[PDB]
Amino acid sequence: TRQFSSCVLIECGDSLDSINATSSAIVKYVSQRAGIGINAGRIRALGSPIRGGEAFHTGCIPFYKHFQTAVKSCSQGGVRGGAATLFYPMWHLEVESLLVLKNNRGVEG
Amino acid sequence: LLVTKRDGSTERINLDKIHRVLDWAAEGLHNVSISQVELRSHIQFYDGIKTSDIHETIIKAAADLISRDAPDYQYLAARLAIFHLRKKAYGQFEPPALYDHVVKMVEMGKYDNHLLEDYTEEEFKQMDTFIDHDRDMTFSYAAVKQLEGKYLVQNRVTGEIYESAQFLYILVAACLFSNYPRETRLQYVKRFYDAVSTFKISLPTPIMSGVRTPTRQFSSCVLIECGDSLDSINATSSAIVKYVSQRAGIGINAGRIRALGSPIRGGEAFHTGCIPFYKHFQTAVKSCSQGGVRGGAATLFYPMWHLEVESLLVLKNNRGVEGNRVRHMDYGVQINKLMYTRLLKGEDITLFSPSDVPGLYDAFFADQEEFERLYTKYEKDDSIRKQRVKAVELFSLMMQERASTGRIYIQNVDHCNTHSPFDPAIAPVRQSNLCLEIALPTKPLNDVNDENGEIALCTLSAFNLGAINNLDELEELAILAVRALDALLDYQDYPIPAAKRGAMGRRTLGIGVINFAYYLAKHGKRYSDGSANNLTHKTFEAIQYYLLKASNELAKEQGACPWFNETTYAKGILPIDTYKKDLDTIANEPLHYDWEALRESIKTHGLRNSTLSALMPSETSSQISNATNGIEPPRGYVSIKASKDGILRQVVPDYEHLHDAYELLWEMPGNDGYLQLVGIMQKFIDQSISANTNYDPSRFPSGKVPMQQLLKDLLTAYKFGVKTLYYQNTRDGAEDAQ
Amino acid sequence: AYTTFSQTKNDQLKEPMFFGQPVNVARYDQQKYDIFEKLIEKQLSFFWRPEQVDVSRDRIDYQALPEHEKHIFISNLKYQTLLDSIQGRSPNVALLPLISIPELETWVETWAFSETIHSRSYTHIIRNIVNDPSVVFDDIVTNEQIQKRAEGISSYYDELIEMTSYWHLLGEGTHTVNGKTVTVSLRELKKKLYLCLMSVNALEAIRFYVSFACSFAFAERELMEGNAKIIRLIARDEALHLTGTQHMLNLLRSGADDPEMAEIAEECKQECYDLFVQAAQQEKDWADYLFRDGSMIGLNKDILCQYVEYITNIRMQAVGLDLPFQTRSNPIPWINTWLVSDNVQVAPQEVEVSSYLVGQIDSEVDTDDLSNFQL
Amino acid sequence: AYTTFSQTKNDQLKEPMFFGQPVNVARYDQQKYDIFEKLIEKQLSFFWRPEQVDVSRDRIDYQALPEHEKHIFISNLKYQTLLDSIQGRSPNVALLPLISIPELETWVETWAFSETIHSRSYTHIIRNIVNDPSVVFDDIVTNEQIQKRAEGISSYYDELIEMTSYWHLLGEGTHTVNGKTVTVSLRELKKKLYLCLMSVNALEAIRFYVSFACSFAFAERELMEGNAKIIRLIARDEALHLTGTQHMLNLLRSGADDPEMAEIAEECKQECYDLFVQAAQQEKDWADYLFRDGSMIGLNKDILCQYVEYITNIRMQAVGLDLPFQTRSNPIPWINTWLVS
Ligand SMILES: Cc1cn([C@H]2C[C@H](O)[C@@H](COP(=O)(O)OP(=O)(O)OP(=O)(O)O)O2)c(=O)[nH]c1=O
Ligand SMILES: Cc1cn([C@H]2C[C@H](O)[C@@H](COP(=O)(O)OP(=O)(O)OP(=O)(O)O)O2)c(=O)[nH]c1=O
Ligand SMILES: Nc1nc2c(ncn2[C@@H]2O[C@H](COP(=O)(O)OP(=O)(O)O)[C@@H](O)[C@H]2O)c(=O)[nH]1
Ligand SMILES: [Mg+2]
Ligand SMILES: [Mg+2]
């Protein structure tokens, strides 16, 4: 076994390509019984147009829960459950909503 | 009551010009009351109200007055809303010169610049001579509302409306026929624009909202498969993301992943069920799409002999902790004749891990005798890990969940294989798209952007059987439609190389029909008594033969498809050659057209598009035509369509002359006549058909619905050759008149 | 007195609706009245948890809509949450001791459970669109108008349980307690029961339908669609509760149990007319409390007052009373789209369909009749 | 007294579980008791109906059964039908005026609804296997054995209801009404409440489990598979109810909510223990009379008696009381692998 796995620091750009790559990397490492730390603070915030007004943006919460369902998949027959920590800056437009994503005072959605 | 312009400049009240607008809108109609509209609208007028609210409230107050006795308020409200659209878009009512509008929009970056690169000012002037702006009056209220809220080129984060429906149609036609020799492409554009703006052919939301703009993903439905490996699961997730980001509904064949308890990596770890992976695909499809032109939808398939099927049949349920439920992804169960006979004999059905039995999975689809042999052998073997479930129990559980949550779709594989245009050995069919509507071959991936995988992209269109008056316009419309769809097939932009490979190598299509209810009820027939078998046979023979003949002409003109040697139309076999024989006792109309000559022609030359026909639900796209949503009957002489763009009243077409000849969904004594109609359609149509079921407890003793009746309808839909079963629309007597 | 199982056997087909013997074992084969068993079955088949309509777009729609509309929505939801707490708690303790038939007592318990689910749903669609459920739920109890409506409803329940405790402890007639005489008259107890029933009918008839009218007038204008669908499920269950109470008290008044109850029905009928007038006035005042900052599109003081007047007219005429207003038409004719769920062809893959029926199928397979089916 | 809408605004996280200000608003975000929130969650998850199970082969097997087997089966069904009728009606009136937290209030409401569904399940099982459910239910009401059990159960219940009506009507101290002397007291009210809750615990943990063991030992012979499925679902729901009641008793007795309640439980330990033992002895005597025509199909009285001993001793040691028996190994192991999977 040439695999001595521990923490993994990953950064997630602001693009569907980079988010796909980030989710793929986090699932590929969690399959190796590691633990992830993501700099997902670059994902633009709700309300900012996509493709110059062509589409509406939904926010950071869908992608955050996407990384969550990716990290929580299949590390139950190992040593460590899917463990991850995200990071984001305080001046982010949606910090008043991303600061309350751990309490039970809100619905799963 | 002072009016307020769109920027703050208040002005004294002026309601007489608005009354003049109402008298223009209600001109030439019957049984209406602009006085009643005024009385209903002149209450919500506070001081300094804008015009962007006066118009909205007057349209709402003149639109909520549609009913079964004054059905011209639909045209009234449609004319009002199209006046408001012209106003909001171009300031005034007079539309602008097409060239000025298109150049301004390319400056804004809204349209595509290849239009200006290809066409010239004189071509745009003579195309402006084509446009029929006063055709807009022919829209219905639901038509205008769906058009404005979803189709017209618009800003989302602001809410600004740029163009009109006439410009939409003319520019769809232009960008459809820009790669043709300049001698006749203008005539093609004129003819296609006439045929698409006369509601003689319907075209779906993806292309209808996409072929003007720099966004290029027009394939309506997408099909992905998923191998038994983390890399393939990551590729599937990446594909789901990259496609739902571009207005596409997904069909995921996930029934290949091993089951719970199966060992991993040569036996050191142990699997943990497929619920986490299903959650992962759900979060992928639901994440990056909600802001777009529509929501993200993905059906997920599995074969009913799956080991965890007892725990996967329910996931769409309503009673369970999130930890073991995924209730935003439609499901699909794949069943066949061996399972059916295990049911009828009342014997046990076994369940194996679909990755711990060699060859059994692909036997299930390819050859039924191979499936039988391998099933029996592995049942006999006494070293595999297997489970055993009684067949009546399992089928009753499946139908129970199907009725309880409406959305456990059923797919009979052996019909999709032994009656198709693809061969079962080199290109089998293992799944279907979101709406259980098409059927194409695919292959699992290994990376996101490799070449050893395929992702089946299929675009759609449909005819309007409520506009044609004979059976030759169908052939002309067929040649135009196949031209347009092949143009789009080569003009698209494929974000994945595997899907580009598949779509460019198979040139698959789908062309169905809408307004079937208005057609079949204008010809004085019904769905229940069984008096439309002959008409269905005739109409669908016409459709399929004209499609094949147009595709053969196109193949003669511009070569065949680059994978024809893998179809079942090269060996010279046709739908009338391979249909299900049990369709004989329920239909006696003979074949009309020169099918043997067409057969020898396609034998010698080949087909352009490997798959011509497919019947679609057509929920949204069939509202602009004021049509009926496909092969389904309406639900009321004023039906209410409910989408995120407002609930909409819609009068069934020509209600004032057919208010006694329709057969609403809640009047048929059952679904047997409709299942027979669908069987005949499926016989004459290449790939799958999306067929619903109906069940009204108020037509049964003790308010129940007998599971015997459920299973009988299922077994009849299988016996008469129907590939799939889509819905389970269940009534409930929630009556409150007011 | 009260007991949870009386040993005296009796044909439960001959016992009155209310005030009979404490009920024996519950059975559902020999049923006296059919309406209550039918409603039990319907509400066992209408089961729905609140977490089936993904409202994730409606958080955005709400936090985007303006301030006075935010106020309207959250106020209606707070008021309904309080009243459904009250009305999921009261029926049990008020009407449960006074039941003589098992179908009726279990209909009461199923109605209480349905109201529990309703309150859970309201709390759920408040806990979603805001970030301050604490302040919202505290303003619920503290707010003056909410409090006054809740008092106006709960006073009757309080008086009725008081008199029932009297009648179950002391007995019938005049009695002296703590050096003070009380007159426990079963006739006055029946009158108070009929008054409580008619107040509950008023409540679940006009008030909640005004609230639903507001919350659906929101979603007529392309906003709060998932919340509208949840409140559509709730309006279905509420119409069912309404018909239940209607038939109950109409059967009591018609004269199917006692002519003295019919005379009480006449007197308390005058009284209930003067009660419905007060209910309608309270709803009008609530309307002009909501719509003060300015109207929305298609909903203001005039329209909602018209709706209150018309719905009171209809509920009165249907409950066998007089007509206080003019029998005008419906001011918001688009509410039939949300109430009548027969010709609404919803387009799935976008918005969930509220037409399922949980488990209402027989499931008795005739495997031999199936075996006579060659594929 | 009692009211349905309190006018104040109290810190609902501070009020005691019982004998406090009656609730006014139903609130779900600030949960004082995760136990009584996860209970309502799991119970809403476990919803079901009778009209999902098949009973035709059940009816045919009942017709083709022996007479003594028909006797024992229908008598056990009578027993559990009476039990769940009592349980479907009592908790609302018996406890809802006494509760001061909305979590526990909604839990009790869903508990009552679950018992209503159970009763409907039993009547549906009956009217599909025989032709005279009328006489079945009349022999239920008239049969003196199950009558004897109903005496104790409904006696605890109506004693509690009487004392709570007194305390909500008059107040406290020593009072005179109609020329009598009645002395209401919060301490005796809490004592009666604790005794009633111990009774509900013993019921939900013992009687129904003997009934389920009988029905499942029956279904083991490959007869009455519809009854097997229905009783499995009901054993699931009843294990849920049992856990809820046990956590209620522990949160009362552990002195975390009321030290008065802690002292009262320390006083009434003897009554609780003796109630448990008397209930268990009633179960084994019911079994003795059950095995009147000999024994059932592949069992005796010793196995079922040791099963009752096992279940009552385990539930007692779990709720926090002494052990009244000399425990041995599990006599009927398969039973514990048939009720909760
Ligand atoms: C195109 C698209 C983007 N997004 C979001 C997800 C990503 O975090 C973010 C960036 O996507 P990008 O991959 O950067 O898309 P883009 O470059 O075409 O957008 P732009 O023209 O504005 O630069 O946009 C969606 O959610 N749905 C979509 O359909
Ligand atoms: C590594 C790993 C895989 N899996 C599951 C997810 C995949 O769908 C499935 C296939 O994993 P694979 O990536 O195919 O693992 P493998 O190829 O090394 O193992 P083998 O040679 O036996 O095929 O196993 C887990 O559940 N947990 C894990 O830790
Ligand atoms: N993502 C997504 N896909 C859809 C939706 N509606 C339809 N589709 C896909 O489009 C195909 C045809 O749908 P159809 O009813 O004809 O849509 P329409 O032509 O735009 O009215 C189906 O196979 C679906 O896969 C939607 O709301 N969201
Ligand atoms: Mg970019
Ligand atoms: Mg592997």
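Methodologically, a virtual Cβ is constructed for each residue, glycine included, from the backbone with ideal geometry; neighbour enumeration extends over all protein chains shown. Coordinate-derived values only; no laboratory data.
Some notes on this structure:
- Ordering of D:265-274, B:576-585 by burial proxy (mean other Cβ atoms within 10 Å per residue, highest first): D:265-274, B:576-585
- In nm, spacing of pseudo-spin labels at residue B:350 and residue D:281 (7 Å Cα→C-beta vector): 5.6
- Each residue in C:218, D:212 was given a count of other beta-carbon atoms within 10 angstrom of its own, and listing them fewest first yields D:212, C:218.
- ³J(HN,Hα) computed for each position of region D:114-130 - Karplus, 6.51 cos²θ - 1.76 cosθ + 1.60, integer Hz, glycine/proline x: 4, 5, 4, 4, 4, 4, 4, 4, 5, 5, 5, 4, 5, 6, 10, 10, 10
- For peptide C:47-57, the mean count of partner chain Cβ atoms within 10 Å of a residue's Cβ comes to 6.
- With 22 Å as the limit, the listed pairs B:150/B:500; B:549/B:571; C:191/C:269; B:345/B:581 have B:150/B:500; B:345/B:581 beyond it between alpha carbons.
- Only beta bridges with both residues in the protein assembly as shown are counted; by DSSP, about 45 percent of them are antiparallel.
- Sites residue B:376 and residue A:6, calculated FRET efficiency, Cβ-Cβ separation with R0 51 Å, nearest 0.05: 0.55
- Cα-Cα separations in region B:368-414 greater than 12 Å, expressed as whole percent: 74
- Projected-area average for the protein assembly as shown over all orientations - Cα convex hull basis, square nanometres: 58.6
- For region C:218-354: Kirkwood Rh in Å [reciprocal of mean 1/r, alpha carbons]: 17.6
- The base-10 log of I(q)/I(0) for region B:619-738, evaluated at q = 0.12, 0.15, 0.19, 0.21 Å⁻¹, reads -0.54, -0.84, -1.23, -1.34 [Debye formula, identical scatterers on Cα atoms, solvent excluded].
- Taking amide H positions as modeled 1.01 Å from N, with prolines and chain starts lacking one, the residues under 5 Å from residue B:695 and 5 or more places away or on another chain are B:731.
- Rotationally averaged projected area of chain B (alpha carbon convex hull; nm²): 34.1
- Averaging 1/r over each pair of different alpha-carbon atoms in region B:374-519 and inverting the result gives 19.3 Å, the Kirkwood hydrodynamic radius.
- Loop chymotrypsin sites (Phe, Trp or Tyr not before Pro), region B:50-108 (other Cβ atoms within 10 Å of the site Cβ: 13 or fewer; DSSP): B:93
- Mean residue ellipticity at 222 nm, helices only, chain C: -20500 deg cm²/dmol; runs of at least 4 DSSP H residues each add -39,500 (n - 2.57), and the sum is divided by the number of residues.
- Stokes-Einstein D (µm²/s) once Rh is taken as the Kirkwood radius of region B:292-437 over alpha-carbon pairs, at 10 °C in 1.306 mPa s: 97
- Note that chain D, at 37 °C in a medium of 0.692 mPa s, gets a Stokes-Einstein diffusion coefficient of 153 µm²/s from its Kirkwood radius over C-alpha pairs.
- Inter-chain Cβ neighbour average for residues D:131-137, partner chain, 10 Å: 3
- Among the trypsin sites (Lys or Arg not before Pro) within region D:160-237, those in coil by DSSP and having at most 15 neighbouring Cβ atoms inside 10 Å are D:180, D:221.
- Peptides D:319-331, C:343-355, B:249-261 ordered by packing proxy, namely the average of other Cβ atoms within 10 Å per residue, highest first: B:249-261, C:343-355, D:319-331.
- Pairs spanning more than 31 Å between alpha-carbon atoms, out of B:145/B:443; B:17/C:70; B:644/D:229; B:641/C:70; B:704/C:9; D:9/D:190: B:145/B:443; B:17/C:70; B:644/D:229; B:704/C:9.
- A straight Cα-to-Cα reach below 17 Å connects residue B:712 with the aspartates and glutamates B:393, B:401, B:582, B:672, B:696, C:362, C:364, C:366, C:368, C:369, residues fewer than 8 places away in its own chain not being considered.
- Table column - 3J(HN,Hα) (Hz), region D:237-249, Karplus curve with 6.51, -1.76, 1.60, x for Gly and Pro: 4, 6, 4, 4, 4, 4, 4, x, 5, 5, 5, 4, 4
- Spin-label model, residue A:32 to residue C:329: label points 7 Å out along the Cα-to-beta-carbon direction sit 7.2 nm apart.
- Radius of gyration and maximum dimension Dmax of chain A, Cα, Å: 15.2, 51
- Annotation for region A:2-49: trypsin sites (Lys or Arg not before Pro) lying in DSSP loop with at most 10 further Cβ atoms inside 10 Å of their Cβ are A:2.
- Ratio Rg/Rh [Cα only; Rh per Kirkwood] for region C:1-59: 1.25
- Beta bridges by DSSP in chain B, antiparallel share as percent, to the nearest 5: 45
- Taking every residue in B:157-170 and counting other chain Cβ atoms within 10 Å of its Cβ, the average works out to 1.
- Using the Karplus relation 6.51 cos²θ - 1.76 cosθ + 1.60 with θ = phi - 60°, the per-residue 3J(HN,Hα) values for region C:290-299 come to 5, 9, 10, 5, x, 7, 8, 7, x, 7 Hz, with x marking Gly and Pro.
- Residue A:45-residue B:126 pseudo-label distance in nm [points 7 Å out on the Cα-to-Cβ vector]: 5.5
- Seen from every direction in turn and averaged, the convex hull around the alpha carbons of region C:68-190 projects onto 9.9 nm².
- Packing-based ranking, highest mean first, of B:420-429, B:592-601 given that Cβ atoms within 10 Å are counted: B:420-429, B:592-601
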